Amino acid sequence: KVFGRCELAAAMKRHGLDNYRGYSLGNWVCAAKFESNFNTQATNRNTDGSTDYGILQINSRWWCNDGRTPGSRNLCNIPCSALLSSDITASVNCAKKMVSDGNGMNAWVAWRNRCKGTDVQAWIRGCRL
């Protein structure tokens, strides 16, 4: 499912992401935009053989099991396919663990390079929240 900007913002808020670990909602919407372009079915293979899944592009080496990443840790205890659902609950619950990992949102390369330090408020601008 390809979310619309404001539809995603509202779903993430309902799921408790607004200000989770101090990151405003605009940060999470910006991250999703640049990570998957609001597409829940997005996947990308990395050179180390791992794969990034879903709306927030969560990696198989540490967070989910895809049955094809040797040494994977599966910290969120879910099959990576669950991260591609139209229902973003699993993606959100796993993201809460990642962001709490000590590195904050820097864990997401597109957030660090394209969202960090920018006017993230624009991402929820105009939405009925």
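Numbering of residues begins at 1 and proceeds along the displayed sequence.
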Peer 1: Report the residues that fulfil salt bridge (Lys or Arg N to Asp or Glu O under 4.0 Å) with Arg21, sequence neighbours left out, ordered by chain and then residue number.
Peer 2: none
Peer 1: Using the side chain to side chain contact (heavy atoms under 4.5 Å, CB included) criterion, which residues pair with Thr89? Sequence neighbours excluded.
Peer 2: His15, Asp87, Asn93
Peer 1: Find the distance between CG (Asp52) and CG (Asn46) and round it off to the nearest 0.5 Å.
Peer 2: 4.0 Å
Peer 1: Excluding sequence neighbours, so at least two apart, what forms side chain to side chain contact (heavy atoms under 4.5 Å, CB included) with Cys127?
Peer 2: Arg5, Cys6, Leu129
Peer 1: Show every salt bridge (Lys or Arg N to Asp or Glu O under 4.0 Å) that has at least one partner inside residues 117-129, sequence neighbours left out.
Peer 2: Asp119-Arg125
Peer 1: Report the distance from atom CD1 of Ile78 to atom CG of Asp66, rounding to the nearest 0.5 Å.
Peer 2: 11.0 Å
Peer 1: Any chance you could measure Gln121, atom CD, to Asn27, atom CG, to the nearest 0.5 Å?
Peer 2: 8.5 Å
Peer 1: For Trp63, enumerate each residue passing the ring pair (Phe, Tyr, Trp, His ring centres under 6.0 Å) test, keeping only those at least two apart in sequence or located in another chain.
Peer 2: none
Peer 1: Under the side-chain hydrogen bond (donor to acceptor under 3.5 Å, both in side chains) definition, can you give me all pairs with a residue in residues 73-85, not counting sequence neighbours?
Peer 2: none
Peer 1: Identify the heavy atoms of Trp28 and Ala95 that sit nearest to each other, and give their distance.
Peer 2: CZ3-CB, 4.2 Å
Peer 1: Considering all heavy atoms of both residues, which atom of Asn59 and which atom of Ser50 are nearest to each other, and what is their separation?
Peer 2: ND2-OG, 2.8 Å
Peer 1: Between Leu84 and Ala42, which heavy-atom pair has the shortest distance, and what is it?
Peer 2: CD2-O, 3.6 Å
Peer 1: Please name all residues satisfying ring pair (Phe, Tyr, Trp, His ring centres under 6.0 Å) with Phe3, sequence neighbours left out, ordered by chain then number.
Peer 2: none
Peer 1: Nearest 0.5 Å please: distance from the CH2 atom of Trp123 over to the OG1 atom of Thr118.
Peer 2: 8.5 Å
Peer 1: Compile the donor-acceptor pairs under 3.5 Å between side chains in residues 30-39 and protein atoms, sequence neighbours left out, one pair per line.
Peer 2:
residue	atom	partner	partner atom	Å
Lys33	NZ	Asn37	OD1	2.8
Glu35	OE2	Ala110	N	3.3
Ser36	OG	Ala32	O	3.1
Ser36	OG	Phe38	N	3.3
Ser36	OG	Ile55	O	2.8
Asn39	OD1	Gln41	N	3.0

Peer 1: So, for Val120 and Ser24, which heavy atoms are closest and what is the spacing to 0.1 Å?
Peer 2: CG2-OG, 4.0 Å
Peer 1: For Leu25 versus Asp18, what's the shortest heavy-atom pair and its separation?
Peer 2: N-OD1, 3.4 Å
Peer 1: Could you work out, with side chain to side chain donor-acceptor pair (under 3.5 Å) as the rule, every residue matching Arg68, not counting sequence neighbours?
Peer 2: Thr51
Peer 1: Can you list everything that forms a side chain to side chain donor-acceptor pair (under 3.5 Å) with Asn65? Sequence neighbours excluded, please.
Peer 2: none
Peer 1: Is any side-chain heavy atom of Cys76 less than 4.5 Å from a side-chain heavy atom of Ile58?
Peer 2: no
Peer 1: List the residues meeting side chain to side chain donor-acceptor pair (under 3.5 Å) with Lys96, not counting sequence neighbours, and say none if there are none.
Peer 2: none
Peer 1: With heavy-atom distances below 4.5 Å as the criterion, would you say the side chains of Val109 and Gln57 are in contact?
Peer 2: no
Peer 1: Partners of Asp48 by salt bridge (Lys or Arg N to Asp or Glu O under 4.0 Å), sequence neighbours excluded?
Peer 2: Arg61
Peer 1: I'd like to know if the two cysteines, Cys94 and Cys64, have SG atoms within less than 2.5 Å.
Peer 2: no
Peer 1: How far does CG of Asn103 sit from CH2 of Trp108, to the nearest 0.5 angstrom?
Peer 2: 10.5 Å
Peer 1: Rounded to the nearest 0.5 Å, what separation is found between the OH atom of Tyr53 and the OG atom of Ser91?
Peer 2: 12.5 Å
Peer 1: What do the steps show when you test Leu8 against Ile88 for side-chain contact (heavy atoms from CB on, under 4.5 Å), and what is the final call?
Peer 2: CA-CA 9 Å; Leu8 181 68; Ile88 71 164; 4.3 Å; yes
